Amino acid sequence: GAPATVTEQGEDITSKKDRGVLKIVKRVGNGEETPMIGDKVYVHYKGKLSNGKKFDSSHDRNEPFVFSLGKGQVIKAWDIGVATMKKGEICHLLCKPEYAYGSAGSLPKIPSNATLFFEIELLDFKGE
C-alpha cells in the first residue's frame, strides 16, 4: 500500500524525530529552492485516512489548493512537509494524529487519533 511504503521507506522530517511526519519523494522537483514561511503556496493533493476512508482531492474541484506556509493555516504535517518540497516535486506524507487532528479528531469526518496519508504536488510558491 501507498501508506505502508511511507512507513517503511519514508524519512522522518519532524524536529522531535518521533516519526510523526514521514516523507517519500515520488517525483523530484526543479532546482534547489524550497518555500519560506509566509510564502503563498499552490498545490494539488490527494489525501485520505490511512485505512483508505474519507478520500479528498483538489483535482476533482479543478483548482489548486492555496495557503500561506508556516502560519498554522493547515495541519502541522503540511507546514512541516511542504516547507521541504521543491517546485514541481511530488511527495507522499504519512501524518500521525499528533501532527493532524489529534485525539479530538474533527467529527463527523475525522475520527479520534486518525493517521492521514497525502500525496502532494508543489506547483508554485511566491513571497509574502
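Heads up: residue numbers just count along the shown sequence, starting at 1. Heads up, when I say rigid core I mean the largest set of C-alphas that superpose within 1.5 Å between the two forms.
> When the core is superposed, where do the C-alphas shift more in 4 other deposited structures of this protein: in 87-95 or in 43-51?
Higher average C-alpha offset in 4 other deposited structures of this protein goes to 43-51.
> Give, as the answer, the stretch of 72-80 and 24-32 that departs more from the shown form in 4 other deposited structures of this protein; the measure is RMS Cα distance after a core fit.
The answer is 24-32, which departs more from the shown form in 4 other deposited structures of this protein.
> Return whichever of 72-80 and 55-63 has the greater mean Cα B factor according to the PDB record.
It is 55-63 that shows the higher mean C-alpha B-factor.
> If you take the mean CA temperature factor per stretch, which one wins between 11-19 and 106-114?
Averaging CA B-factors over each stretch, the winner is 106-114.
> Among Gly47, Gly38, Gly88, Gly31, where is the Cα B factor highest in this entry?
Going by the entry's C-alpha B-factors, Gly31 comes out highest.
> Looking at the temperature factor on the CA atom of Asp124, which third of the chain's modelled residues does it land in?
Middle third.
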